[PDB]
There are 4 protein chains.
Amino acid sequence: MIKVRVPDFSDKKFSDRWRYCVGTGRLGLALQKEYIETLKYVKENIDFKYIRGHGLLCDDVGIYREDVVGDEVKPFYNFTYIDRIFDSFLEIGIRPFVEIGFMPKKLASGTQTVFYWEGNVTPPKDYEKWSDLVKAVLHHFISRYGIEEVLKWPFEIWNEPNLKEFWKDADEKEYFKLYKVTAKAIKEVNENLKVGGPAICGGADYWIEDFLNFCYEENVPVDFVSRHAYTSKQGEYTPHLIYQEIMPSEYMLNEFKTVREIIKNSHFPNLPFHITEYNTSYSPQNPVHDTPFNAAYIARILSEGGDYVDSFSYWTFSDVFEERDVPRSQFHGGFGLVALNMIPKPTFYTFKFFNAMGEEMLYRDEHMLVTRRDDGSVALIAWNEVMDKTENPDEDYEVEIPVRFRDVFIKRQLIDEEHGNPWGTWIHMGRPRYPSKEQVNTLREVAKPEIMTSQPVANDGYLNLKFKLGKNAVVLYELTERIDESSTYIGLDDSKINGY
Amino acid sequence: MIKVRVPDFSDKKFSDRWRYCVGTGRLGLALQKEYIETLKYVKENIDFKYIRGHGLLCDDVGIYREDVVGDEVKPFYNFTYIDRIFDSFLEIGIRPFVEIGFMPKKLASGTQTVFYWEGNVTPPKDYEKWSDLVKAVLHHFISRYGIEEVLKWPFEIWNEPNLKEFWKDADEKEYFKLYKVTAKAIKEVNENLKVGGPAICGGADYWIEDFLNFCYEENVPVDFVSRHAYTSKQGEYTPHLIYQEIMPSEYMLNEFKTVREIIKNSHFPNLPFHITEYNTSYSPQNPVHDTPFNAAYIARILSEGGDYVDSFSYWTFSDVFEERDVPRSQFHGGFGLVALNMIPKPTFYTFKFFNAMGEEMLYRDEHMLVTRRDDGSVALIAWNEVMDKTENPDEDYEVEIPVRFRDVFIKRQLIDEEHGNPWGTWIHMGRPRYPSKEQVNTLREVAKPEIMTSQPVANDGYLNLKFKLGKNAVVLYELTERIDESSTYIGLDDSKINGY
Amino acid sequence: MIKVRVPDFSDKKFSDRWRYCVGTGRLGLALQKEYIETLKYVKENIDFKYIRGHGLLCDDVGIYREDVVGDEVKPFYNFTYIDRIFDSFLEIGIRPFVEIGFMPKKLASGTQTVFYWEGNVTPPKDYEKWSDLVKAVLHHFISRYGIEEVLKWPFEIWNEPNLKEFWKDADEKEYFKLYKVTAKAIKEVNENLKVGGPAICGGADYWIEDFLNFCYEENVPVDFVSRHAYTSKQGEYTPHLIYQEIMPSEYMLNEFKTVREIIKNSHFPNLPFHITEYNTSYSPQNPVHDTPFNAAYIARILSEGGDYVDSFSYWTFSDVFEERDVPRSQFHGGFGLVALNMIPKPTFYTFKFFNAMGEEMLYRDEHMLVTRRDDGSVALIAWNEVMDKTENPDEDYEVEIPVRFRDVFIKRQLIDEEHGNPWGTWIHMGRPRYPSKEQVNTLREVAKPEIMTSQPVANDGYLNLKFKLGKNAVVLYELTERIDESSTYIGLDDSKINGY
Amino acid sequence: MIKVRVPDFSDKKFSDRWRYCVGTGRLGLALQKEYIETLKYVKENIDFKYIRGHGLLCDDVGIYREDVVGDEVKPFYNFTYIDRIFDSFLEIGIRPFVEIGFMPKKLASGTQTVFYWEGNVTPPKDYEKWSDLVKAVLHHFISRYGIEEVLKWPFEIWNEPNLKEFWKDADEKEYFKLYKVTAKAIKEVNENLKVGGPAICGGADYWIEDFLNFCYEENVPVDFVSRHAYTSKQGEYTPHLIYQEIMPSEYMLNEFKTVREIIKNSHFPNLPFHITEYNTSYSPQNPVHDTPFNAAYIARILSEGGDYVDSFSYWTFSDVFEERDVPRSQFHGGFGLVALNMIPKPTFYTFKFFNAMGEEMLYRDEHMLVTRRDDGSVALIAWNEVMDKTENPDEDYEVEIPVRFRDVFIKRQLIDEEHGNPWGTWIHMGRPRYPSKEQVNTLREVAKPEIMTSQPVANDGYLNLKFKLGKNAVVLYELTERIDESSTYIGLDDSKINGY
Ligand SMILES: O[C@@H]1[C@@H](O)[C@H](O)OC[C@H]1O
Ligand SMILES: O[C@@H]1[C@@H](O)[C@H](O)OC[C@H]1O
Ligand SMILES: O[C@@H]1[C@@H](O)[C@H](O)OC[C@H]1O
Ligand SMILES: O[C@@H]1[C@@H](O)[C@H](O)OC[C@H]1O
C-alpha cells in the first residue's frame with residue numbers, strides 16, 4: 001500500500017486561487033435559460049469569483065451598429081444584451097473576467113472568421129473607430145454598474161492571437177498594435193482598470209517575452225499576463241468527435257512554473273499571472289471531459305496549480321457551448337463541469353470536494369492533499385487517475401491524521417467509475433442522444449458522489465485511515481469532532497428494537 | 001438461496017389503495033411552516049389522495065366560540081384557521097379525510113382531556129348545540145369549496161371511542177348517540193356526504209358489530225367502517241421513549257381480513273373499509289419508526305394490505321407531532337415517514353419504491369412483489385426485514401423475470417442499514433438532539449437510496465436477476481427496454497480514452 | 001353622452017377564440033431566459049392555447065445537418081434545441097402552432113435570405129431530402145411527446161409565400177409544390193395531423209383561391225386556411241423606427257369576413273380559418289404598439305374577430321424579437337404585449353380584461369362588450385380609441401345592466417393614457433435606452449391598471465353605471481353579488497374611529 | 001394653502017432609527033407558515049433590524065421541561081422550537097430583540113395567567129431554577145449561533161410588570177428581584193450581553209426612576225431602558241371589538257422626550273432608550289389599525305420619534321396574533337402593518353415611503369418631512385391625518401424644493417382613503433369574514449399606493465410642487481435628475497402616431 005503520517009504542524013498554506021475563475025461559452029449563450037440555471041446551480045456549489053468567455057464584441061450580443069442618415073454614417077452602441085448578461089452575472093454573484101473581442105462585422109478589415117458562430121478574426125479597418133468602441137463600452141459599464149464595481153473586472157485583450165485561426169496570420173506585431181490602442185483606450189476612461197494579455201496558448205511563450213518587452217519599450221501599460229494550458233496531443237476529427245492522448249498532469253504544472261519565470265525575469269517581475277483557460281483536451285468534443293478520469297486528473301491541478309499562478313480558469317463550467325455547432329447528445333465530450341440538464345460530470349465533484357479544504361496545508365504529494373480548517377477539523381482528498389491501461393489500477397492507503405479530538409465523526413465522499421459516473425449509466429441506457437425526462441432523472445440520481453459516515457476514536461492524537469482507491473477514484477474525508485449526546489436519552493438502548 | 005420464475009401472465013391486479021391516505025398530527029399543526037414544506041415535499045414523491053388527522057374541532061384551530069351580549073349567549077363559528085388549513089391542503093393537491101372531534105371547551109360536559117395538547121374527550125353538554133356546530137362547518141366548507149369538492153371528503157366520527165382516554169368511560173352507547181346526532185346533522189346538509197365509524201382500534205371488534213347493528217336497527221346512515229391497526233406489544237414508558245416488540249406483519253393482515261368478514265356478514269355487506277391509521281408501534285416515541293427495519297416491515301403491508309381494505313393510512317407522514325409534547329431530538333421514534341428538516345426516514349423510500357409498481361401483478365410472496373407497467377416494463381420490490389436477532393440475516397435471490405425485450409436497461413435502488421439510513425449516521429454523529437445546519441445537510445445527503453444502473457440481455461424472453469438482501473434491506477428493480485443508439489456516434493470508441 | 005340598456009336575455013354567445021393563439025419571435029429565441037420568464041408571466045395572466053412563430057427549421061435551432069464520411073454525405077437531424085424548446089412550451093402549458101420553414105442552409109437552392117437573422121427563403125435543391133427532413137422531425141416529435149400530443153399541433157406551411165422576401169420571386173406555383181411535398185410527407189407519418197396554408201398576408205386573396213383549387217384538383221390534403229392581417233399604411237423607415245397610419249379596425253374585420261366567404265365558396269367550405277398573425281402595424285419598430293392607443297384599438301378586434309375566424313394570433317406576446325436586429329431601447333415599437341423586463345404594455349391588459357368575459361353575450365357595439373358569467377355576474381368592457389387628433393376625445397356613458405341581485409359589488413379596472421401607461425412614464429424619465437434597475441421597477445409599478453371598488457344597489461333589477469372614457473381609455477366592470485356580513489360584527493360602528 | 005421653501009442647506013440629520021425594530025405576536029406563532037411568509041414579505045420592503053415579541057419562555061415554544069426518574073426531578077431544556085424560530089429569523093436577515101418571559105408552568109408559583117394563550121404571570125417558585133433556565137438558554141444560543149451573533153441581541157426582562165395582568169400584583173420590589181437574578185444570570189454567561197428594562201407602559205414612569213436607582217444602589221447592571229407608548233383613551237370591549245379615541249401624536253412624542261430626561265438625570269445618563277412597543281390603540285381589535293388614518297397618524301411619529309429614542313418598535317408587523325383569540329375576519333383591528341393573506345394595510349406604506357428618506361434633513365414640520373439622498377436627489381413625505389370630523393379635511397401645499405439639476409423626473413406615490421385602502425374595499429364587498437381567493441386578490445390589487453410620474457424643469461435651482469392632500473392622505477415625492485436621451489432616436493416623433 002501507501003503509508004503516510006500527516007504532520008501536525010503547518011508549513012505551507014493552501015489558497016482558494018483554484019476557484020477564482022471558470023470558463024464559459026460565448027457571452028451570447030448566457031442569454032439562454034439553460035445557461036443561467038446551470039450558472040446558478042454551479043454557484044450554489046462552487047464559489048467562483050469570475051467567469052471568462054469570448055464574444056463580448058461579437059454580433060449576436062450586438063453592441064456595435066451603424067446608422068445611415070444620408071451620407072452620414074454614425075456608429076451606434078447597443079447595450080440591450082450585455083446589460084441583461086452582466087446584470088445576470090452580478091445577480092448570481094459572479095464578476096466577469098472580460099475578454100475584449102472578437103471583431104464586429106461592420107468594423108472588420110477582412111472576412112476570416114472562427115468557430116461555428118463565425119467570429120471575425122481580422123483587425124479593425126479603422127483603429128480610431130475601435131478605440132471609441134472600447135471607450136463607449138467601459139463608460140457604459142461604469143454608468144450602469146458604478147466605477148467601484150467595474151474597477152474589479154480585469155480586461156484580457158483578444159484570444160490566442162498566436163494562432164492563425166484567432167488572429168489574421170498570427171500577426172504578432174499587429175496584435176501588439178491592437179493591445180496598445182485598446183490598453184490606451186481603457187486607461188483613458190480610468191487609469192486604474194486592469195488590462196493584460198497576450199492570451200496565447202502553449203507553444204509560443206516567446207510571445208509573452210515579446211509582449212512584455214513591447215510594453216516596456218513602447219510604454220504600454222500591463223496589469224497581468226494571460227495564457228492557456230492543455231495537455232492533449234494531436235488527434236483526428238470525426239464528423240462527431242476527436243480522441244486524444246492526455247499527457248500527465250506534471251507537464252501542465254511545468255508550463256505554469258515556466259511562464260512564471262519568464263515574468264519574474266521581465267521588466268515587470270511582479271505582474272499577476274492568470275491561466276484564463278485550462279483542461280485536459282482542448283476540444284469541445286472529446287469524451288475525456290465526461291469521464292471519471294478527467295475528474296481524478298484535474299484533482300492534482302487544483303492541488304498544486306495555485307502555487308505558481310494567481311488563478312486558473314477551468315474551461316468550462318457548462319456544456320452550453322457552440323464553437324463546434326450545437327451539441328448532439330447528452331454526453332459529447334463538452335468542456336463543461338456540468339452536462340446539459342444540469343447533470344454534474346465527475347469533474348464537477350472534484351471542485352466540490354475542494355470546497356472542503358482549509359488554509360493550513362499539512363501534507364501533500366502527487367495524489368493527495370490534507371488540510372485543516374479554522375475549527376481544527378481535517379479534510380483529506382486522495383485521487384487515483386489511470387493514465388494507461390493497467391490490470392491493477394487500485395491503490396491502498398493508510399494515512400495517520402493528527403486530531404485535536406478523541407472522538408472523531410467521519411464523512412466520506414467517493415467519486416469513481418462506479419459512483420457519480422452519469423456517463424457510465426448513459427452508456428448503460430444505450431447512449432441516448434435525446435434522453436427522456438426519466439432517463440435524465442436517473443442520470444441526475446446517479447450523478448452524486450457516494451457518502452459514508454462512520455465514527456472512530458483517535459488514539460495518541462492520531463486517527464488512522466485505511467482505504468482503497470479504485471480506477472480514477474477521488475475521495476474526500478472530513479474528520480470533525482464528535483460530541484456524543486447519547487447519555488441524555490434516558491433508557492436509550494437500540495438492542496431493544498427488533499433485530500438490533 | 002431463493003429461486004423464483006415470475007410468470008409471464010397476469011392473474012391478479014395491484015391497486016394504488018396503499019397511497020389513498022396518510023396520517024398527520026392535529027390539524028392545528030398544519031399551520032406550521034415546517035409542516036407544509038414537508039407535506040409538499042412528500043406529495044412531490046408520493047401521490048397520497050387524502051390526509052387524516054385529529055383536532056378539527058379542538059380549540060387551537062378555534063372554530064367554536066361564544067359571545068356574551070348581556071344575558072344572551074350566542075355561538076360564533078370562527079373559520080379563519082381551517083380555511084387556511086384546508087386551502088393549503090387543496091393547494092398541494094390533497095383532500096382531507098375529515099375526522100369530527102374532539103370536543104370544544106365551551107361545549108364539553110366534563111374536564112377529561114387527552115394528549116399533551118389536551119383535547120376534550122367528554123360528550124357535548126347539549127347535543128343540540130353540537131349538531132348546529134357540525135352543520136355550520138359543513139355549510140361553510142360547501143360555501144368556500146363548492147359542493148362538488150366537499151362531496152369527496154369522507155367524514156369519520158370521533159377517534160378510538162373504545163378507549164377510556166379518547167371517550168369518557170368508553171361509553172359505547174353514548175358513542176352511538178354521538179354518531180347518530182352527527183350522522184344526522186351531516187346528512188341534513190347533503191344526503192350524499194360520506195360518513196362512518198366507529199374509529200376503534202384493535203381488540204374490540206365487537207364495537208364494529210354493535211356499530212353496524214345499531215345503525216340498521218336505529219336507522220342511522222353509514223357509508224364506511226373505520227378502524228386502526230398496530231402490532232406493538234406492551235412496553236414501559238421512559239420519560240423519553242418506549243421500546244416495544246413488533247409482532248410479525250402477518251397479524252396485521254389478519255386483522256384486515258377479519259374485520260372484512262364482520263362487514264360482509266352485517267346488514268351492510270358492501271360498505272367500504274378504511275384503516276384510517278396504521279404502523280408498527282402506536283407510540284410517537286418508539287425508535288422503531290426511524291429504523292431501516294420499519295421500512296422493510298411495512299413493505300409487506302403495502303404489498304398485501306390493499307387486498308382486504310379500501311385504504312390504509314400510514315400514521316404518519318411527518319414527525320411534526322405533539323401528542324407527547326414537542327419532539328426533543330432529530331430522531332425520537334416519531335410516526336412520520338419524514339423526520340424534522342425534511343429528512344426522509346427509510347420507511348419513506350418504501351412508499352417511494354411502490355410508485356414504481358404497475359397494474360399487472362405477475363408474482364408475489366411474503367417478501368417480494370413483481371409487476372408490469374403499461375409500457376411493458378417490469379418492476380420488482382424485494383424486502384428482508386429481521387424480526388429477531390439472527391447471526392445470518394442475509395438472503396440470496398435468483399428471479400427469472402419475463403421481458404418483451406432483448407436488450408434490458410436496469411435501474412436498481414437499495415435501502416438497508418448501510419444505505420438511506422440517516423438514523424445510523426445520526427448515531428455516528430453522537431445522536432445530536434439539535435444538529436447543526438451541516439449535520440442536517442450530511443443527514444439529507446445520506447437519506448437517499450443507493451442507485452445502480454446496469455445493462456444485460458434477456459435470453460429466451462427472460463432476464464435472470466441475482467442479488468443479496470442485507471439486514472432489513474429493501475430493493476427495487478425497474479427493467480425497461482434498452483434501445484441502443486451507439487452506432488450513431490461515428491468513430492465512437494471508449495478504448496481510445498486514457499485507461500479505458 | 002351614450003345611453004344603453006343591456007338586454008337581460010342572451011341571443012349570441014361569446015367564445016374564447018381570441019385566446020386560442022399568440023405570436024412569438026423565431027423559436028430560437030425561446031432558448032433565452034428572458035423569453036421563457038415572459039412566456040410564464042404571460043401564461044399566468046392569459047390562457048393562450050398555442051404559440052406561433054417562424055424558424056423551426058432555421059439553422060440557429062440547428063435541426064438539419066450533414067456528415068461527410070469520405071464521399072458519402074448523410075444527413076443528420078439534431079433535436080437538442082427543439083426538444084428543450086418544445087419541452088419548455090409544454091411545461092408552461094402551451095402547444096406549438098407549428099410553422100414549417102424556413103429553408104436550412106445545407107438544403108437551400110439559392111442564397112436569398114430574410115430578416116436580420118437571415119433565414120433562407122429559397123426552395124430545396126432536392127425536395128426528396130426536404131421530405132425526409134419533415135418526416136424525421138414529425139417522427140421525433142411523436143417519439144418524445146406521444147402521438148396523442150402531436151396530433152393536437154396544427155402545421156402551417158411556410159410564411160407569406162406571396163411576398164418576394166419570404167419566397168423566391170413569390171413563385172406561387174412553386175409554393176404549391178412545396179405545400180404538396182410537405183403536406184404529403186406529414187400525412188405519411190399520420191393521416192390525422194392537421195396541415196394548412198398558404199400563410200399569405202393581406203392583398204393577395206387570389207392566393208387562397210388558387211391554393212384551394214390547387215388542392216382539390218391535384219388532390220392535396222388541406223385541414224385549414226392561414227392568413228395574416230394588419231392595418232398600417234405605407235411608411236418610411238428611419239435607421240431607428242417607422243411611423244404609419246393605422247386604418248380603423250373595421251377594415252380588419254372585413255378582411256376576416258371576406259376570406260371567410262372565399263372559403264365557404266371553395267371545394268372545402270368547412271375548413272377552419274386561422275389568422276395566424278395580426279396587429280396594427282406590421283413593423284417591429286412602430287411605437288404604436290407601446291401606446292395605450294394600440295390597446296383600445298385591439299379591444300374591438302378581440303370583441304368581434306371571433307365571429308368570423310377560428311382563431312386570431314396577436315403578433316406578438318413579447319418584445320423578445322430580432323427580425324430587425326436586437327431592440328435598442330426599453331420601448332421601441334416592438335410587437336409584444338409585454339416589453340423587455342416583463343413590463344406589460346397597455347395592450348396586455350386589454351387581453352387581461354377579456355379574461356373577465358363570459359359565454360352569454362348580452363350587448364355589443366363598436367366600442368363596448370357586455371357579458372354574463374356562469375355565476376350570474378356581469379362584466380363590461382368599454383373602450384375609446386382616438387384614431388385622429390380630436391380636441392375632445394372624451395366619451396360619457398350610462399349603461400343599464402340587468403342583475404339577478406339587489407346588492408352589487410363593483411370592481412372597476414381602467415387603462416388609459418394616465419393609467420397603465422409605462423410608455424408615458426418612460427418618456428417622463430427621458431426615454432432611457434437602458435433604464436436602471438429602479439427605473440425598471442418604477443415602470444413595473446406604473447404598468448398596472450387602476451382599480452376602483454364600490455358598492456351600489458340594483459333597483460328594478462338593473463344597476464345604472466355612469467362613467468367617462470378618456471383618450472384611448474379601456475375600462476372593465478365586474479358586477480358580482482354582494483352578500484353583506486356586517487350585522488355579524490357585534491358593536492360594529494366605523495363612526496367610533498377618529499374622523500370616521 | 002400652505003407654502004414652504006425647503007432650505008438648500010442641511011442642519012439636522014435624519015436617522016434610520018424608525019426601522020431598527022418591529023413588534024410581533026408570541027414567538028410560538030413564528031412557527032406558522034403564514035407568519036414567515038409575511039415576515040419575508042415585509043423584510044423585502046422594510047429593512048427592520050430586530051423583532052420583539054413575548055413568549056420566549058412560554059410552554060408552546062416548550063423550552064422548560066422536567067423529567068422524573070424515581071424521586072429525582074431534573075429539568076430538561078428543549079430547544080427544538082426556538083432553534084427553528086431563531087434560525088428562521090436569521091435566515092430572513094432579522095435579529096431577535098429578546099424579551100425574557102413569561103413564566104413556564106413547571107416553574108410558576110401561582111396560577112394567574114394573561115391573554116387567550118394563558119402565559120403564567122407569577123414569579124418563579126425557585127429563582128435558583130429560573131437562573132439556571134436563563135443561563136442554559138443563553139449558552140445554547142451561543143452554542144448554535146456563535147458568541148459574535150448573540151452578542152448583538154439585546155435582552156429585555158419581562159413585560160409591563162407595572163400592570164397587575166402581566167406581573168402578580170404589580171409587585172415592583174419583586175420585579176427588581178427578578179431583574180437582578182436574571183441580569184446576573186445573563187452577565188454570568190458573558191459580561192457583554194445587553195440587558196435592560198423595566199418594560200413598563202405609559203403612566204408609571206416612577207417605575208423607571210426606581211428601576212435605575214435600584215440598579216445603582218444594589219449594583220445591578222443595566223444596558224438600556226425599555227418602555228411602551230400608546231395614545232388610545234379608555235373604551236368598552238364588545239365581544240368582537242373596541243373603539244377608542246386617539247390622542248394627537250404630540251402626546252406620544254412628549255412621552256419619548258419625557259422619559260429621555262428621567263434617564264439623563266439618573267445615575268446612568270447615557271443609557272440607550274428603546275420604545276420596545278408602540279402604536280395608536282393598544283388593543284388587537286380596534287379597526288383604527290386598518291384605516292388610512294392610522295397610516296397618516298404614525299407618519300409623524302416616524303418623522304420625529306427618532307430624535308428622542310434609540311429605537312421605537314411598531315406593534316406589530318403582522319396580524320398573525322392571538323392575544324385575544326384567533327382573528328375572526330379579514331380586517332379586525334389587528335396591530336399588524338400587514339393583514340392576513342399578506343394584504344398591506346395603509347400603515348405599511350407609511351413605513352415603505354420612509355425608505356425613500358435620506359441622511360440630510362432639509363425641512364420638517366408637524367406634517368411634512370423633506371430630505372436629500374447621497375446622489376443629490378430629494379424626497380418629500382407630507383401627510384394629512386384627520387383627528388376630528390371636519391367638513392373640509394383637504395389641505396393644499398406649495399413647496400419649493402432646491403435641486404442641483406435643471407431637468408427633474410418626478411415619482412409620486414399616494415396613500416389615502418381612496419388609494420391603498422383595502423379596508424375600504426373590504427367594506428364595499430360587505431365585510432366578508434372569510435373572503436374567497438378572488439376577494440383576497442382584489443384586495444391585494446387595491447392594497448397598493450397610487451403612482452404618478454411626471455417631468456418638470458427646475459428654474460433658479462428650485463422646483464415648485466403644488467398638490468392637495470385628501471383625508472388621511474400620505475404622499476411621497478422623489479425628485480431625481482432626468483437625463484434625456486430622446487435626441488438619440490433618429491426620426492423620433494410621437495405626433496406621427498394615430499392621435500398623438
Ligand atoms: O475557445 C477555446 C479556445 O480559446 C481554446 O484555445 O481552445 C479551446 C476552445 O474551445
Ligand atoms: O393519536 C394516535 C391514536 O389515534 C392512535 O390510536 O394511537 C397513536 C396516537 O398517536
Ligand atoms: O415576421 C413577421 C411577418 O410574418 C409579418 O408578415 O410581418 C411582420 C413580421 O414581423
Ligand atoms: O401584548 C401587548 C402588550 O405588551 C401591550 O402593553 O398592550 C398591547 C398588547 O397586545
# chains A, B, ... in the order shown; residues from 1 in each chain; ligands from 1

call {"tool": "residues_near_ligand", "arguments": {"ligand": "ligand 2", "cutoff": "10 Å", "atoms": "only C-alpha atoms and all ligand atoms", "output": "number ranges by chain"}}
result
B: 23-26, 53-55, 114-115, 158-161, 163, 166, 199-202, 227-230, 276-279, 281-285, 315-316, 321-324, 334-335

call {"tool": "residues_around", "arguments": {"residues": "residue B:194", "least_positions_apart": "2", "cutoff": "6 Å", "atoms": "only C-alpha atoms", "output": "PyMOL selection string"}}
result
chain B and resi 154-155+223

call {"tool": "residues_around", "arguments": {"residues": "residue A:11", "least_positions_apart": "4", "cutoff": "8 Å", "atoms": "only C-alpha atoms", "output": "tab-separated table (two decimals) with C-alpha atoms, in the first residue's frame"}}
result
chain	number	residue	atom	x	y	z
A	360	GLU	CA	-3.42	25.06	6.79
A	361	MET	CA	-1.75	22.60	4.43
A	362	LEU	CA	-0.46	19.69	6.49

call {"tool": "interface_residues", "arguments": {"of": "chain B", "to": "chain D", "cutoff": "6 Å", "atoms": "only C-alpha atoms", "output": "number ranges by chain"}}
result
B: 31-33, 67, 78, 239

call {"tool": "select_by_dssp", "arguments": {"residues": "stretch 166-273 of chain B", "states": "alpha helix (DSSP H)", "output": "ChimeraX atom specification"}}
result
/B:172-189,206-218,250-264

call {"tool": "residues_around", "arguments": {"residues": "residue B:171", "least_positions_apart": "2", "cutoff": "12 Å", "atoms": "only C-alpha atoms", "output": "number ranges by chain"}}
result
B: 121-123, 160-169, 173-178, 207

call {"tool": "write_last_selection", "arguments": {"atoms": "N, CA, C and O atoms", "output": "PDB file, in the first residue's frame"}}
result
ATOM      1  N   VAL B 121     -62.263  15.110  25.805  1.00  0.00           N
ATOM      2  CA  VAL B 121     -62.776  13.796  25.478  1.00  0.00           C
ATOM      3  C   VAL B 121     -64.186  13.497  26.029  1.00  0.00           C
ATOM      4  O   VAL B 121     -64.647  12.356  26.012  1.00  0.00           O
ATOM      5  N   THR B 122     -64.887  14.524  26.497  1.00  0.00           N
ATOM      6  CA  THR B 122     -66.236  14.323  27.033  1.00  0.00           C
ATOM      7  C   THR B 122     -67.294  14.711  25.989  1.00  0.00           C
ATOM      8  O   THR B 122     -67.014  15.497  25.081  1.00  0.00           O
ATOM      9  N   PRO B 123     -68.520  14.147  26.095  1.00  0.00           N
ATOM     10  CA  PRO B 123     -69.600  14.454  25.146  1.00  0.00           C
ATOM     11  C   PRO B 123     -70.174  15.851  25.341  1.00  0.00           C
ATOM     12  O   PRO B 123     -69.967  16.480  26.373  1.00  0.00           O
ATOM     13  N   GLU B 160     -61.049   6.349  18.244  1.00  0.00           N
ATOM     14  CA  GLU B 160     -60.986   5.273  19.234  1.00  0.00           C
ATOM     15  C   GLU B 160     -61.916   5.464  20.439  1.00  0.00           C
ATOM     16  O   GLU B 160     -61.458   5.521  21.583  1.00  0.00           O
ATOM     17  N   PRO B 161     -63.235   5.552  20.204  1.00  0.00           N
ATOM     18  CA  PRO B 161     -64.160   5.738  21.326  1.00  0.00           C
ATOM     19  C   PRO B 161     -64.220   4.513  22.228  1.00  0.00           C
ATOM     20  O   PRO B 161     -64.906   4.515  23.248  1.00  0.00           O
ATOM     21  N   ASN B 162     -63.491   3.472  21.843  1.00  0.00           N
ATOM     22  CA  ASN B 162     -63.446   2.236  22.610  1.00  0.00           C
ATOM     23  C   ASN B 162     -62.422   2.341  23.725  1.00  0.00           C
ATOM     24  O   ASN B 162     -62.292   1.433  24.544  1.00  0.00           O
ATOM     25  N   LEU B 163     -61.680   3.443  23.748  1.00  0.00           N
ATOM     26  CA  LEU B 163     -60.677   3.652  24.785  1.00  0.00           C
ATOM     27  C   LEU B 163     -61.159   4.737  25.730  1.00  0.00           C
ATOM     28  O   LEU B 163     -61.733   5.740  25.300  1.00  0.00           O
ATOM     29  N   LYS B 164     -60.925   4.520  27.019  1.00  0.00           N
ATOM     30  CA  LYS B 164     -61.330   5.452  28.067  1.00  0.00           C
ATOM     31  C   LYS B 164     -60.661   6.822  27.926  1.00  0.00           C
ATOM     32  O   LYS B 164     -61.202   7.832  28.382  1.00  0.00           O
ATOM     33  N   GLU B 165     -59.490   6.844  27.288  1.00  0.00           N
ATOM     34  CA  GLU B 165     -58.712   8.066  27.080  1.00  0.00           C
ATOM     35  C   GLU B 165     -59.297   8.996  26.019  1.00  0.00           C
ATOM     36  O   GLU B 165     -59.181  10.220  26.120  1.00  0.00           O
ATOM     37  N   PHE B 166     -59.922   8.415  24.999  1.00  0.00           N
ATOM     38  CA  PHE B 166     -60.492   9.211  23.920  1.00  0.00           C
ATOM     39  C   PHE B 166     -61.992   9.441  24.028  1.00  0.00           C
ATOM     40  O   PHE B 166     -62.527  10.360  23.410  1.00  0.00           O
ATOM     41  N   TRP B 167     -62.670   8.622  24.822  1.00  0.00           N
ATOM     42  CA  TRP B 167     -64.112   8.761  25.009  1.00  0.00           C
ATOM     43  C   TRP B 167     -64.420   8.494  26.480  1.00  0.00           C
ATOM     44  O   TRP B 167     -64.019   7.457  27.022  1.00  0.00           O
ATOM     45  N   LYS B 168     -65.127   9.416  27.127  1.00  0.00           N
ATOM     46  CA  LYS B 168     -65.433   9.252  28.546  1.00  0.00           C
ATOM     47  C   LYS B 168     -65.977   7.864  28.883  1.00  0.00           C
ATOM     48  O   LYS B 168     -67.027   7.456  28.392  1.00  0.00           O
ATOM     49  N   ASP B 169     -65.230   7.149  29.720  1.00  0.00           N
ATOM     50  CA  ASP B 169     -65.581   5.800  30.163  1.00  0.00           C
ATOM     51  C   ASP B 169     -65.883   4.816  29.038  1.00  0.00           C
ATOM     52  O   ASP B 169     -66.540   3.798  29.262  1.00  0.00           O
ATOM     53  N   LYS B 173     -72.616   3.061  24.231  1.00  0.00           N
ATOM     54  CA  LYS B 173     -73.960   3.539  23.946  1.00  0.00           C
ATOM     55  C   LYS B 173     -73.995   5.050  23.716  1.00  0.00           C
ATOM     56  O   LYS B 173     -74.797   5.541  22.922  1.00  0.00           O
ATOM     57  N   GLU B 174     -73.130   5.790  24.403  1.00  0.00           N
ATOM     58  CA  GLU B 174     -73.096   7.239  24.223  1.00  0.00           C
ATOM     59  C   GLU B 174     -72.472   7.555  22.874  1.00  0.00           C
ATOM     60  O   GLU B 174     -72.901   8.490  22.188  1.00  0.00           O
ATOM     61  N   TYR B 175     -71.464   6.770  22.491  1.00  0.00           N
ATOM     62  CA  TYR B 175     -70.797   6.995  21.218  1.00  0.00           C
ATOM     63  C   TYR B 175     -71.801   6.914  20.086  1.00  0.00           C
ATOM     64  O   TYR B 175     -71.835   7.780  19.204  1.00  0.00           O
ATOM     65  N   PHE B 176     -72.615   5.864  20.122  1.00  0.00           N
ATOM     66  CA  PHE B 176     -73.623   5.642  19.100  1.00  0.00           C
ATOM     67  C   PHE B 176     -74.588   6.815  19.052  1.00  0.00           C
ATOM     68  O   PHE B 176     -75.117   7.161  17.991  1.00  0.00           O
ATOM     69  N   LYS B 177     -74.809   7.443  20.200  1.00  0.00           N
ATOM     70  CA  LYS B 177     -75.702   8.589  20.235  1.00  0.00           C
ATOM     71  C   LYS B 177     -75.002   9.750  19.553  1.00  0.00           C
ATOM     72  O   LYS B 177     -75.627  10.543  18.851  1.00  0.00           O
ATOM     73  N   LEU B 178     -73.694   9.847  19.765  1.00  0.00           N
ATOM     74  CA  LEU B 178     -72.903  10.903  19.146  1.00  0.00           C
ATOM     75  C   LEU B 178     -72.945  10.655  17.641  1.00  0.00           C
ATOM     76  O   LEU B 178     -73.259  11.553  16.851  1.00  0.00           O
ATOM     77  N   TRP B 207     -67.268  -3.868  18.768  1.00  0.00           N
ATOM     78  CA  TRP B 207     -67.704  -2.474  18.627  1.00  0.00           C
ATOM     79  C   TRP B 207     -68.244  -2.213  17.232  1.00  0.00           C
ATOM     80  O   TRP B 207     -69.207  -1.475  17.054  1.00  0.00           O
TER      81      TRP B 207
END

call {"tool": "select_by_dssp", "arguments": {"residues": "stretch 333-432 of chain C", "states": "strand (DSSP E)", "output": "PyMOL selection string"}}
result
chain C and resi 338-339+343-344+360-365+368-372+378-384+395-402+408-415

call {"tool": "residues_around", "arguments": {"residues": "residue A:308", "least_positions_apart": "3", "cutoff": "12 Å", "atoms": "only C-alpha atoms", "output": "ChimeraX atom specification"}}
result
/A:15,17-18,252-261,263-264,272-275,301-305,311-312
